[PDB]
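As given, the protein sequences belong to chains 4 and U, one line each in that order. Just so we're aligned, residue 1 is where the first sequence starts under the authors' numbering, counting upward by one. Just so we're aligned, residue 293 is where the second sequence starts under the authors' numbering, counting upward by one. Down below is the structure, laid out as structure tokens.
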Amino acid sequence: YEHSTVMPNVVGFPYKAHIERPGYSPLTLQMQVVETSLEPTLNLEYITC
Amino acid sequence: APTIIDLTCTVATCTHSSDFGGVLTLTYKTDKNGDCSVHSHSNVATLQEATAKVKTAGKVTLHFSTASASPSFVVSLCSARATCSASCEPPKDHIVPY
């Protein structure tokens, strides 16, 4: 059963999602973003000492 | 047989799916606990069971199936009678094997 949602990119924010399939009882998910990491791409140009 | 008076009908959830997709709650008042023969008086809704256990608490639940957006039917418990109406939402599943 496919589903889609949007959750904020804030660490520790206790996001909750609601999914309600008509033939069953609704379900709730707890999502949390424990850590993020934004790694760039590098090309070494030179080195100085 | 036990006697039933002041019988009222409410719907918790409806969904016109192939299976039994609606739950109905009956509130009543009885003198003694026992067995009743529940029925629906319209072919719009088909019940799951034909017999129910009444207890002095006064609440019972039933399951029914229908295929109309707005069902409306008369359900009878033992010798009583009441009117039920509901709103139903489409199911999301496309194909089933029953």
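Think of the CB as a built atom: it goes at the ideal place given N, C-alpha and C, for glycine as much as any other residue.
Since residue i and residue j are thought to touch, with beta carbons under 8 Å apart, how far apart are those beta carbons, to the nearest angstrom?
i	j	result
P294 (chain U)	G314 (chain U)	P294 (chain U) to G314 (chain U), Cβ: 26 Å. No contact.
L354 (chain U)	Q340 (chain U)	7 Å
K384 (chain U)	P26 (chain 4)	Actually they are not in contact, since the Cβ atoms of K384 (chain U) and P26 (chain 4) sit about 13 Å apart, beyond 8 Å.
Looking only at its own chain, which residues have a Cβ that is under 6 Å from the Cβ of residue i, when we skip the five neighbours before and after it?
i	result
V330 (chain U)	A344, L369
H308 (chain U)	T358, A359, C380
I297 (chain U)	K321
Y15 (chain 4)	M7, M31
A17 (chain 4)	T5, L29
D323 (chain U)	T295
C328 (chain U)	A344, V346, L369, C370
So, is the C-beta of residue i closer than 8 Å to a C-beta in chain U?
i	result
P22 (chain 4)	yes
Checking contacts by CB at 8 Å: is residue i closer than that to chain 4?
i	result
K321 (chain U)	no
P389 (chain U)	no
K384 (chain U)	yes
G313 (chain U)	yes
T307 (chain U)	yes
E381 (chain U)	yes
Could you pull out every residue in the same chain whose Cβ sits closer than 7 Å to the Cβ of residue i, ignoring the five residues on either side in sequence?
i	result
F365 (chain U)	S332, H333, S334, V336, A337, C376
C301 (chain U)	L316, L318, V367, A374, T375, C376
Next on the checklist: Across the region 3–21 of chain 4 and the region 30–42 of chain 4, are there enough close Cβ pairs to call them in contact, namely three or more that are closer than 8 Å?
Outcome noted: yes
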